[PDB]
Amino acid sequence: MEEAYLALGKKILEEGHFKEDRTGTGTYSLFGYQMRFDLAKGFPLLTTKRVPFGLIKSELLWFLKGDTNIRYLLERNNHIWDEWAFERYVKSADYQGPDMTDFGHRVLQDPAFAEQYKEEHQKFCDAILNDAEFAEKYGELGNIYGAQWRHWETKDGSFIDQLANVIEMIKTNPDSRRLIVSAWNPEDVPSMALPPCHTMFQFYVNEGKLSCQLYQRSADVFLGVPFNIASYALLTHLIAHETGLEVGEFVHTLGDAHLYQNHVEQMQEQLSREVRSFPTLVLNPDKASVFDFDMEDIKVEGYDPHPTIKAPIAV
């Protein structure tokens, strides 16, 4: 239920202590929490603010195809992963523009700086889309989600298709208590742009229904959790479709649950608004595998949220 996500934000505002963080922004933080969404009551795309479903769709199809380079995302006008690739490029020996140290805070404080950032980010997006060599080197985020889900590398010259394996297991061993996918690969963590926020997840079958639990080590509550929720709920529906099952519950478990301190006014404005009905998900019935779905095969119908509430991403 949406009220479950809104009660987490209110608990952080009330009693989550201040914790300095890697980004330099500052957060209010709790440790250890659990929410549940019954997917039979509606698709959990939040209605108390507008959440863009097409960016959640394109990000998950990107994961599912095993891709860890942002060119696919830019082709679909999805810029949610741009920051970390831009930071990689401004730190390299090839960047020749104005200094971009600490650009993620500087843009909020200094209009002259903000215009130079906007200029350099444009030139970056154009180069990824138009120069294949530039994209191959500077679009690359390392072995994040797509690579661990489809291509966990072995010590003997091969790779494990972890996500296709677990879908198969659901079909022939549905009571198995080892239906797990992990993106936590210790050997690859240091070279990933960021280590996986949404860390490992497990499926469960009973009485013809599929359920999924996620363990999320680090949750940005205002900007990232509404995307996370909707992404794992879509993944659970696609798998249920291929395996011929009905949908059960998504259980979301958090580690460090944090509100960044420059999202507090946004959270308070969200908390003032009346919840509406969740929308319904519609999937193309003639697609058989999760891997065959494309953008036009997936939609939400009946979505009528309250207005967008903008907030800055912590880099």
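Each form is matched to the other, and the largest set of C-alpha atoms that superpose within 1.5 Å is called the rigid core. One rule holds for the numbers: they count along the sequence shown, beginning at 1.
The stretch that moves more in 4 other deposited structures of this protein, judged by CA deviation after a rigid core superposition and choosing between 118-126 and 140-148, is 118-126. Two stretches, 81-89 and 181-189, are weighed by how far their CA atoms sit from the shown form in 4 other deposited structures of this protein after rigid core superposition; the farther one is 81-89. In this entry, 111-119 has the higher mean Cα B-factor, the comparison being between 87-95 and 111-119. For the pair 242-250 and 285-293, the mean Cα B-factor is higher in 285-293.
Which of 220, 175, 168, 82 has the largest Cα B-factor in the deposited entry comes down to 175. When the C-alpha B-factors of 234, 164, 192, 135 are ranked from the entry, the top spot goes to 135. Among all modelled residues in its chain, residue 1 ranks in the highest third by Cα B-factor. Residue 146 sits in the middle third of its chain by CA B factor, as recorded in the PDB entry. Ranked by Cα temperature factor within the chain, residue 9 sits in the lowest third according to the deposited record. Residue 127: CA B factor in the highest third of modelled residues in this chain (values from the PDB entry). Compared with the other modelled residues of the chain, the Cα B-factor recorded for residue 196 ranks in the middle third.
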